[PDB]
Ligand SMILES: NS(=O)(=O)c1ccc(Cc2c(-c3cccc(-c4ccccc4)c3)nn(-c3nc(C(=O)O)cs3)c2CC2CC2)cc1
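Take a look at this single chain in structure tokens; it is the form deposited without the ligand.
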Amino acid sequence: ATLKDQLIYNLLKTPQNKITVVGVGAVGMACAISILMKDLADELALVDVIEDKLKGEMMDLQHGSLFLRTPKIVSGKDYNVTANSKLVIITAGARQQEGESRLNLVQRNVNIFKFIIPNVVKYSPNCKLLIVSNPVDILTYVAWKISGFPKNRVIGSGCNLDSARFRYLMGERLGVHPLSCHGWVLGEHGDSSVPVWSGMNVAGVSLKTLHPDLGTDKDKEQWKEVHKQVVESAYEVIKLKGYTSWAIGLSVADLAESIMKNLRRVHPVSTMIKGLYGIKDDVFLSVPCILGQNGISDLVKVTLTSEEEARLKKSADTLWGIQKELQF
């Protein structure tokens, strides 16, 4: 009699919460570790093209995961290891080389997504796609087109992280914990993003109401400088460290939690926005979405000034400007 059979009388013998991370660069692995440690998944699948490096990240993560609610953790160049994923996070992309045009970068990303997205869909046809790759508003559009998925199951990391950053500085200024502050940053991810002053409050007391010169240039307190420092903060990280990993990792884990645990929470994420704010093109921008187990179940219809509406409309034009030139 074997030792197994002497010790254990056995009576009995598919994952329900599988997550795939595509790309195991800094960002991919930051997503992966941040998702493990929120115990969101019973199976975690890693996919990249450098095979020896992929298997090492899988093994290192496996070994650490022994100190958690350990899920199944698998990896491969072949997308068959991503089968029956509830959620697939795309981090894979090309980084812009110096003197490369915006349009040229997007097209190289498009040519990559033309290999990735059809393989993801082949093996996980009812998954939600969460797009992290930059520039995120266009690459969400790209993944939507290639996948043929409905708009609810294609989401971009969007302004989730920029909004968190905004609320931190909002908090520092009012002497209030960031989580007690509310306020969104919507539209095109980075630089062109719109701080929405109308809906910024603490405990439902509107800041616009108390200080009606809030967003404006004749603002004694200069709250414009907040949205400026949010965007500078993104760059100062890259200047000092070389890249950002942790910040996007946890921002994505936050979005993954809302989807995987069906929290029906509000995130300013890139979604198909044709119909709203007088935009007639198939562009994606960040507006507040309820995220649940079926992805974006609802949008929250934010009332924007004509200034705010124009700044979005201008972003939607720039974005369609590139999208119409892309070859699928």
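Position 1 is the first residue in the sequence shown; the rest follow in order. Just so we're on the same page, rigid core means the largest C-alpha set that superposes within 1.5 Å between forms.
The same protein has a further form, the form solved in complex with the ligand, not shown here; the description that follows concerns it.
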Using a 4.5 Å heavy atom cut-off, state whether residue 83 contacts the ligand in the deposited bound form. no
Touches the ligand in the deposited bound form: residue 186 (any heavy atom, 4.5 Å): no
In the deposited bound form, does residue 88 have a heavy atom within 4.5 Å of the ligand? no
I'd like to know whether residue 217 contacts the ligand in the deposited bound form, with contact meaning heavy atoms within 4.5 angstroms. no
Using a 4.5 Å heavy atom cut-off, which residue among 147, 244, 258, 124 comes into contact with the ligand in the deposited bound form? 244
Quick check for you: superpose on the rigid core, then look between this form and the one not shown for a C-alpha move of 2 Å or more. Which of 114, 72, 241, 173 is it? 173
